[PDB]
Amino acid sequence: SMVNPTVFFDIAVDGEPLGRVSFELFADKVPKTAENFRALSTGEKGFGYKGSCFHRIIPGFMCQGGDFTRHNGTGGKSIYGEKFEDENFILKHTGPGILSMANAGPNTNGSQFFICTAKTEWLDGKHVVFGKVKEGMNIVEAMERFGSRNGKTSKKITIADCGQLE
């Protein structure tokens, strides 16, 4: 893209490299939310995603991660403070690869996010969609296999490294 940043996660399984997932961040349409994710991916504010876990992976639905503060699925922090408002609902959860914000109700975006592995239309208008997997959907599909019905993972799936491309 000429406008939208690309960021990457190097995914690990119990510390071993699984592969790289890259994301287009839709700064063109969802700028504040895209910028939060971009900055958390580079670590440039002094904190961010590197080292954090995909704590909830449910096959057929999504891979969720992004808690770098409590490290247990309850934490979250944005570059704007602990939470920020729902920016817009222009984009929908249309299929695999969609990148969207996790939340605890209206206007509670922090750092947790999820990657859809299927269309999740019941989340439209409730979770802010702000990007999509560019390359490495096969790696997301490999991650999905470590999940279970209640989201607990059979091995620890982490963001071993992350950053911005070009």
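Sequential numbering from 1, following the sequence displayed. Think of the rigid core as the biggest set of C-alphas that the two forms share within 1.5 Å after superposition.
- The stretch that strays farther, by root mean square C-alpha distance over structures and residues in 8 other deposited structures of this protein after a rigid core fit, is 144 to 152, when 18 to 26 is set against 144 to 152.
- Here 130 to 138 and 62 to 70 are compared by their mean Cα B-factor, and 130 to 138 comes out higher.
- In this entry, 141 to 149 has the higher mean Cα B-factor, the comparison being between 141 to 149 and 11 to 19.
- Take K119, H55, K32, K50 and read off each C-alpha B-factor from the entry; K119 has the highest.
- Ranked by C-alpha B-factor against the other modelled residues of its chain, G105 falls in the middle third.
- Compared with the other modelled residues of the chain, the Cα B-factor recorded for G95 ranks in the highest third.
- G76: CA B factor lies in the highest third for its chain, per the PDB record.
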